[PDB]
Amino acid sequence: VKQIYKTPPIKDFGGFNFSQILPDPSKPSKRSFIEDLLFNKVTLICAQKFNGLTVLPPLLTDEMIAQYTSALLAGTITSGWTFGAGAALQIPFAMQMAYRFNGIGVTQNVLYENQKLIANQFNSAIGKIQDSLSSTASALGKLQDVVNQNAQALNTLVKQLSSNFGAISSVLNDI
Amino acid sequence: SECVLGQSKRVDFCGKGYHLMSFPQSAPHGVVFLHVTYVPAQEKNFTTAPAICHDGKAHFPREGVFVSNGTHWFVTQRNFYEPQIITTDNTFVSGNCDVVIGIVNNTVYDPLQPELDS
Amino acid sequence: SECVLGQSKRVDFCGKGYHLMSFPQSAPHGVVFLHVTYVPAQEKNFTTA
Amino acid sequence: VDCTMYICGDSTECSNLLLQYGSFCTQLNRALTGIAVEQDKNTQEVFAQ
Amino acid sequence: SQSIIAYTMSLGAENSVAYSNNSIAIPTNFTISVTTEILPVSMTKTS
Ligand SMILES: *[C@@H]1O[C@H](CO)[C@@H](O[C@@H]2O[C@H](CO)[C@@H](O)[C@H](O)[C@H]2NC(C)=O)[C@H](O)[C@H]1NC(C)=O
Ligand SMILES: *[C@@H]1O[C@H](CO)[C@@H](O)[C@H](O)[C@H]1NC(C)=O
Ligand SMILES: *[C@@H]1O[C@H](CO)[C@@H](O)[C@H](O)[C@H]1NC(C)=O
Ligand SMILES: *[C@@H]1O[C@H](CO)[C@@H](O)[C@H](O)[C@H]1NC(C)=O
């Protein structure tokens with residue numbers, strides 16, 4: 001996204017609740033509750049500086065990535081798909097959901113007939129995914145597995161030096 | 001296969017914007033695509049309502065959205081401003097307007113009176 | 001590009017069911033997508049021609 | 001592939017010599033196991049849909 | 001006297017979309033943009 005979008009101070013999306021996905025100003029870190037849970041869930045990190053190994057810093061700090069995600073969320077909420085294909089155009093979230101329903105072949109009117117039901121279902125689903133992430137430890141298996149694989153590869157590379165390969169000792173100076 | 005031989009609905013696949021067509025060109029050990037994209041340019045404020053109530057029955061746009069130039073109400077395309085007079089052809093009827101929130105009372109012209117005027 | 005910035009018509013791409021929209025979220029060296037999907041719930045017999 | 005067996009055929013001396021090299025055999029076995037698990041996951045995801 | 005300056009990068013320009021429950025933005029004019037996309041196909045194959 002070329003620009004940065006932010007939701008209006010007042011959150012009136014026709015009963016839709018996005019507090020669980022939007023950043024929390026109260027906490028010092030401007031990240032959403034789900035993002036905070038994901039960060040806390042992930043736990044051979046600070047010991048990677050002994051024998052020439054260095055960990056170059058990430059170009060995009062977690063704050064910048066969080067800002068990008070927040071901008072994408074604000075654009076999607078306030079405009080929909082328009083901001084992703086040119087100038088961002090505002091539209092009520094109810095009308096955006098109606099457009100989506102038309103896109104998936106469902107008639108528009110149905111959404112306006114029970115908008116409260118859809119809003120409640122969306123909020124319940126958000127709460128359910130939050131609870132599942134909180135109470136489930138295998139949800140983030142991919143990232144943890146990748147980190148563990150990198151850490152064990154580094155550890156094996158470091159430990160390979162211990163091998164003497166027939167020498168009296170692995171220390172170059174001593175031999 | 002997608003952008004050139006057809007129109008791709010994927011977003012940001014055949015370039016940024018609403019893809020219309022693509023043109024391939026060769027290059028040393030590579031290809032170049034000149035993606036043509038429609039992109040909205042000029043925007044404008046408008047007041048819109050989810051539906052219109054005429055005679056106790058909710059009215060929803062068959063294809064478009066309701067907008068208002070301050071006083072009058074029209075139905076216009078989503079990606080272009082082409083206001084049209086509200087008529088039974090433009091919008092379809094459903095239920096009653098007492099259920100939806102945000103519906104605004106309005107009048108819908110009927111061709112039957114001018115047709116019978118003769 | 002597809003699920004977030006638009007409505008994907010592909011099947012089982014942005015989550016199973018009729019995709020509507022997705023909300024990206026950051027994570028350590030990764031991303032998380034919350035795909036919203038419309039799914040039919042209650043069915044009934046009908047005689048059709 | 002059993003790295004110890006392929007390199008050393010029921011030979012105590014060859015195994016003792018390989019033990020000095022390091023954890024090459026363990027790394028190769030882990031890579032092969034990961035490949036097998038990846039094949040199983042590919043089959044499951046492509047078919048068990 | 002221009003010189004080298006280090007700074008914290010700005011991730012674009014902040015935008016505040018005028019969103020409300022009964023406000024929309026319907027475009028009135030359009031443009032046709034031609035964008036280039038370069039994609040390698042083969043490489044400097046050798047034997
Ligand atoms: C909103 O658009 C309608 C439709 O064009 C306008 O209604 C007519 O506008 C023409 C403009 O040439 C006038 O000559 C007519 O007298 C208008 N008819 C009526 C009954 O007012 C309307 O004026 C527009 N309103 C605004 C605020 O732009
Ligand atoms: C959304 O839920 C939070 C608690 O999870 C609540 O504080 C907030 O008020 C809800 N949204 C609205 C619009 O009430
Ligand atoms: C809609 O109106 C607001 C303020 O009235 C303005 O800031 C905004 O730019 C308008 N919409 C567009 C697309 O410009
Ligand atoms: C349709 O009818 C059959 C037999 O009458 C029944 O088994 C089936 O459950 C019906 N459909 C649904 C969705 O229940």
# chains A, B, ... in the order shown; residues from 1 in each chain; ligands from 1
>>> interface_residues(of="chain C", to="chain B", cutoff="9 Å", atoms="only C-alpha atoms", output="list in words")
residues 1, 2, 3, 5, 6, 7, 8 and 9 of chain C
>>> write_last_selection(atoms="N, CA and C atoms", output="mmCIF file, in the first residue's frame")
data_model
loop_
_atom_site.group_PDB
_atom_site.id
_atom_site.type_symbol
_atom_site.label_atom_id
_atom_site.label_comp_id
_atom_site.auth_asym_id
_atom_site.auth_seq_id
_atom_site.Cartn_x
_atom_site.Cartn_y
_atom_site.Cartn_z
ATOM 1 N N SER C 1 -2.601 -9.832 -1.851
ATOM 2 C CA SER C 1 -3.112 -9.082 -2.992
ATOM 3 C C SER C 1 -4.558 -9.447 -3.298
ATOM 4 N N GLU C 2 -4.903 -10.732 -3.213
ATOM 5 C CA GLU C 2 -6.214 -11.190 -3.666
ATOM 6 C C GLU C 2 -7.258 -11.154 -2.550
ATOM 7 N N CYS C 3 -7.025 -11.902 -1.469
ATOM 8 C CA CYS C 3 -8.027 -12.011 -0.413
ATOM 9 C C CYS C 3 -8.258 -10.675 0.285
ATOM 10 N N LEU C 5 -7.024 -7.251 -0.572
ATOM 11 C CA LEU C 5 -7.330 -6.124 -1.444
ATOM 12 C C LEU C 5 -8.474 -6.411 -2.408
ATOM 13 N N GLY C 6 -9.119 -7.566 -2.297
ATOM 14 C CA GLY C 6 -10.227 -7.886 -3.177
ATOM 15 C C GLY C 6 -10.925 -9.142 -2.710
ATOM 16 N N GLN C 7 -11.943 -9.530 -3.471
ATOM 17 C CA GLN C 7 -12.711 -10.738 -3.201
ATOM 18 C C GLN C 7 -12.246 -11.835 -4.150
ATOM 19 N N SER C 8 -11.667 -12.893 -3.591
ATOM 20 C CA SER C 8 -11.132 -13.981 -4.397
ATOM 21 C C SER C 8 -12.240 -14.956 -4.771
ATOM 22 N N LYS C 9 -12.384 -15.212 -6.070
ATOM 23 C CA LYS C 9 -13.349 -16.183 -6.564
ATOM 24 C C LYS C 9 -12.811 -17.607 -6.557
#
>>> residues_near_ligand(ligand="ligand 4", cutoff="9 Å", atoms="only C-alpha atoms and all ligand atoms", output="mmCIF file with N, CA, C and O atoms, in the first residue's frame")
data_model
loop_
_atom_site.group_PDB
_atom_site.id
_atom_site.type_symbol
_atom_site.label_atom_id
_atom_site.label_comp_id
_atom_site.auth_asym_id
_atom_site.auth_seq_id
_atom_site.Cartn_x
_atom_site.Cartn_y
_atom_site.Cartn_z
ATOM 1 N N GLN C 42 -28.255 -24.555 7.000
ATOM 2 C CA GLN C 42 -29.448 -25.392 7.084
ATOM 3 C C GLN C 42 -29.961 -25.675 5.680
ATOM 4 O O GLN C 42 -30.138 -24.749 4.883
ATOM 5 N N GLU C 43 -30.206 -26.949 5.389
ATOM 6 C CA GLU C 43 -30.676 -27.392 4.086
ATOM 7 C C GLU C 43 -32.090 -27.956 4.196
ATOM 8 O O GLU C 43 -32.621 -28.168 5.289
ATOM 9 N N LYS C 44 -32.700 -28.204 3.038
ATOM 10 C CA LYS C 44 -34.051 -28.745 2.993
ATOM 11 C C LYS C 44 -34.288 -29.403 1.642
ATOM 12 O O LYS C 44 -33.728 -28.985 0.626
ATOM 13 N N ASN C 45 -35.129 -30.436 1.645
ATOM 14 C CA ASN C 45 -35.567 -31.049 0.399
ATOM 15 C C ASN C 45 -36.365 -30.048 -0.427
ATOM 16 O O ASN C 45 -37.096 -29.211 0.109
ATOM 17 N N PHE C 46 -36.229 -30.140 -1.749
ATOM 18 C CA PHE C 46 -37.074 -29.359 -2.640
ATOM 19 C C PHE C 46 -37.234 -30.102 -3.957
ATOM 20 O O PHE C 46 -36.287 -30.718 -4.450
#
>>> residues_around(residues="stretch 106-114 of chain A", least_positions_apart="4", cutoff="9 Å", atoms="only C-alpha atoms", output="list in words")
residues 94, 95, 97, 98, 99, 100, 101, 102, 118 and 119 of chain A; 50, 51, 58, 59, 60, 61, 62, 94, 95, 99, 100 and 101 of chain B
>>> interface_residues(of="chain E", to="chain B", cutoff="6 Å", atoms="only C-alpha atoms", output="ChimeraX atom specification")
/E:22-43
>>> write_last_selection(atoms="N, CA and C atoms", output="PDB file, in the first residue's frame")
ATOM      1  N   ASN E  22     -23.085   6.987   6.129  1.00  0.00           N
ATOM      2  CA  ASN E  22     -23.897   7.357   4.973  1.00  0.00           C
ATOM      3  C   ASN E  22     -23.114   8.262   4.031  1.00  0.00           C
ATOM      4  N   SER E  23     -21.854   7.919   3.770  1.00  0.00           N
ATOM      5  CA  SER E  23     -21.016   8.665   2.841  1.00  0.00           C
ATOM      6  C   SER E  23     -20.311   7.693   1.909  1.00  0.00           C
ATOM      7  N   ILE E  24     -20.294   8.021   0.617  1.00  0.00           N
ATOM      8  CA  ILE E  24     -19.644   7.205  -0.397  1.00  0.00           C
ATOM      9  C   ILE E  24     -18.876   8.118  -1.343  1.00  0.00           C
ATOM     10  N   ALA E  25     -17.941   7.517  -2.076  1.00  0.00           N
ATOM     11  CA  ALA E  25     -17.144   8.217  -3.078  1.00  0.00           C
ATOM     12  C   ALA E  25     -17.253   7.451  -4.388  1.00  0.00           C
ATOM     13  N   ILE E  26     -18.033   7.981  -5.321  1.00  0.00           N
ATOM     14  CA  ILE E  26     -18.239   7.366  -6.630  1.00  0.00           C
ATOM     15  C   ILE E  26     -17.352   8.097  -7.633  1.00  0.00           C
ATOM     16  N   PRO E  27     -16.380   7.430  -8.257  1.00  0.00           N
ATOM     17  CA  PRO E  27     -15.495   8.139  -9.187  1.00  0.00           C
ATOM     18  C   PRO E  27     -16.257   8.688 -10.384  1.00  0.00           C
ATOM     19  N   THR E  28     -15.779   9.826 -10.893  1.00  0.00           N
ATOM     20  CA  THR E  28     -16.386  10.482 -12.042  1.00  0.00           C
ATOM     21  C   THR E  28     -15.535  10.418 -13.301  1.00  0.00           C
ATOM     22  N   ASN E  29     -14.223  10.236 -13.172  1.00  0.00           N
ATOM     23  CA  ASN E  29     -13.341  10.128 -14.325  1.00  0.00           C
ATOM     24  C   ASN E  29     -12.342   9.011 -14.068  1.00  0.00           C
ATOM     25  N   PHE E  30     -11.807   8.459 -15.154  1.00  0.00           N
ATOM     26  CA  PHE E  30     -10.924   7.304 -15.094  1.00  0.00           C
ATOM     27  C   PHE E  30      -9.660   7.583 -15.898  1.00  0.00           C
ATOM     28  N   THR E  31      -8.708   6.656 -15.804  1.00  0.00           N
ATOM     29  CA  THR E  31      -7.481   6.720 -16.581  1.00  0.00           C
ATOM     30  C   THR E  31      -7.064   5.308 -16.961  1.00  0.00           C
ATOM     31  N   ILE E  32      -6.295   5.209 -18.042  1.00  0.00           N
ATOM     32  CA  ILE E  32      -5.747   3.946 -18.522  1.00  0.00           C
ATOM     33  C   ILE E  32      -4.241   3.993 -18.310  1.00  0.00           C
ATOM     34  N   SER E  33      -3.729   3.083 -17.486  1.00  0.00           N
ATOM     35  CA  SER E  33      -2.318   3.051 -17.127  1.00  0.00           C
ATOM     36  C   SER E  33      -1.673   1.797 -17.697  1.00  0.00           C
ATOM     37  N   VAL E  34      -0.508   1.963 -18.316  1.00  0.00           N
ATOM     38  CA  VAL E  34       0.269   0.856 -18.860  1.00  0.00           C
ATOM     39  C   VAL E  34       1.457   0.644 -17.933  1.00  0.00           C
ATOM     40  N   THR E  35       1.516  -0.526 -17.306  1.00  0.00           N
ATOM     41  CA  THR E  35       2.554  -0.856 -16.340  1.00  0.00           C
ATOM     42  C   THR E  35       3.439  -1.969 -16.883  1.00  0.00           C
ATOM     43  N   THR E  36       4.741  -1.847 -16.641  1.00  0.00           N
ATOM     44  CA  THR E  36       5.715  -2.819 -17.114  1.00  0.00           C
ATOM     45  C   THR E  36       5.939  -3.898 -16.064  1.00  0.00           C
ATOM     46  N   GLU E  37       6.030  -5.145 -16.523  1.00  0.00           N
ATOM     47  CA  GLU E  37       6.355  -6.270 -15.653  1.00  0.00           C
ATOM     48  C   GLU E  37       7.402  -7.127 -16.346  1.00  0.00           C
ATOM     49  N   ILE E  38       8.599  -7.190 -15.770  1.00  0.00           N
ATOM     50  CA  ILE E  38       9.709  -7.953 -16.330  1.00  0.00           C
ATOM     51  C   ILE E  38       9.784  -9.290 -15.610  1.00  0.00           C
ATOM     52  N   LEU E  39       9.894 -10.376 -16.376  1.00  0.00           N
ATOM     53  CA  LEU E  39       9.965 -11.708 -15.790  1.00  0.00           C
ATOM     54  C   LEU E  39      11.003 -12.555 -16.518  1.00  0.00           C
ATOM     55  N   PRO E  40      12.072 -12.984 -15.845  1.00  0.00           N
ATOM     56  CA  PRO E  40      13.001 -13.923 -16.482  1.00  0.00           C
ATOM     57  C   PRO E  40      12.301 -15.224 -16.842  1.00  0.00           C
ATOM     58  N   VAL E  41      12.709 -15.800 -17.973  1.00  0.00           N
ATOM     59  CA  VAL E  41      12.166 -17.060 -18.466  1.00  0.00           C
ATOM     60  C   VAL E  41      13.236 -18.145 -18.505  1.00  0.00           C
ATOM     61  N   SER E  42      14.340 -17.881 -19.192  1.00  0.00           N
ATOM     62  CA  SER E  42      15.484 -18.778 -19.253  1.00  0.00           C
ATOM     63  C   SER E  42      16.685 -18.102 -18.598  1.00  0.00           C
ATOM     64  N   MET E  43      17.802 -18.823 -18.560  1.00  0.00           N
ATOM     65  CA  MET E  43      19.038 -18.329 -17.974  1.00  0.00           C
ATOM     66  C   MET E  43      20.175 -18.532 -18.964  1.00  0.00           C
TER      67      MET E  43
END
>>> interface_residues(of="chain D", to="chain A", cutoff="9 Å", atoms="only C-alpha atoms", output="list in words")
residues 17, 19, 20, 21, 22, 23, 24 and 27 of chain D
>>> interface_residues(of="chain E", to="chain A", cutoff="7 Å", atoms="only C-alpha atoms", output="ChimeraX atom specification")
/E:12-25
>>> residues_around(residues="stretch 16-31 of chain C", least_positions_apart="6", cutoff="7 Å", atoms="only C-alpha atoms", output="list in words")
residues 35, 38, 39, 65, 66, 69, 73, 100, 104 and 143 of chain A; 3, 4, 7, 8, 37, 38 and 39 of chain C
>>> residues_near_ligand(ligand="ligand 1", cutoff="9 Å", atoms="only C-alpha atoms and all ligand atoms", output="MDAnalysis selection string")
chainID B and resid 68:74 83 85
>>> residues_near_ligand(ligand="ligand 2", cutoff="12 Å", atoms="only C-alpha atoms and all ligand atoms", output="ChimeraX atom specification")
/A:9-22,24,32-34,119-120,122-128,130-131
>>> write_last_selection(atoms="C-alpha atoms", output="mmCIF file, in the first residue's frame")
data_model
loop_
_atom_site.group_PDB
_atom_site.id
_atom_site.type_symbol
_atom_site.label_atom_id
_atom_site.label_comp_id
_atom_site.auth_asym_id
_atom_site.auth_seq_id
_atom_site.Cartn_x
_atom_site.Cartn_y
_atom_site.Cartn_z
ATOM 1 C CA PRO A 9 -11.822 7.874 16.147
ATOM 2 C CA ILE A 10 -15.451 6.726 16.431
ATOM 3 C CA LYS A 11 -16.021 3.068 15.511
ATOM 4 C CA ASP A 12 -19.518 2.797 13.993
ATOM 5 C CA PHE A 13 -19.457 -0.046 11.447
ATOM 6 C CA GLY A 14 -23.104 -1.067 11.752
ATOM 7 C CA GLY A 15 -22.537 -3.361 14.724
ATOM 8 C CA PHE A 16 -19.276 -4.874 13.466
ATOM 9 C CA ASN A 17 -16.507 -5.161 16.068
ATOM 10 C CA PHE A 18 -12.844 -4.923 15.036
ATOM 11 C CA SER A 19 -11.284 -4.126 18.425
ATOM 12 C CA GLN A 20 -9.706 -7.597 18.499
ATOM 13 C CA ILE A 21 -7.886 -6.884 15.208
ATOM 14 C CA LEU A 22 -7.109 -3.151 15.481
ATOM 15 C CA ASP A 24 -4.614 -0.958 21.105
ATOM 16 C CA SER A 32 -3.572 -5.680 18.043
ATOM 17 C CA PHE A 33 -4.606 -8.163 20.719
ATOM 18 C CA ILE A 34 -4.209 -11.064 18.282
ATOM 19 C CA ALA A 119 -22.575 -8.646 12.849
ATOM 20 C CA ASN A 120 -23.143 -10.866 15.888
ATOM 21 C CA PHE A 122 -18.731 -12.075 12.927
ATOM 22 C CA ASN A 123 -18.050 -10.903 16.484
ATOM 23 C CA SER A 124 -18.618 -14.425 17.813
ATOM 24 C CA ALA A 125 -16.237 -15.854 15.207
ATOM 25 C CA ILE A 126 -13.582 -13.288 16.144
ATOM 26 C CA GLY A 127 -13.947 -14.225 19.803
ATOM 27 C CA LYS A 128 -13.825 -17.924 18.938
ATOM 28 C CA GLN A 130 -9.101 -15.508 19.808
ATOM 29 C CA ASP A 131 -10.005 -18.223 22.319
#
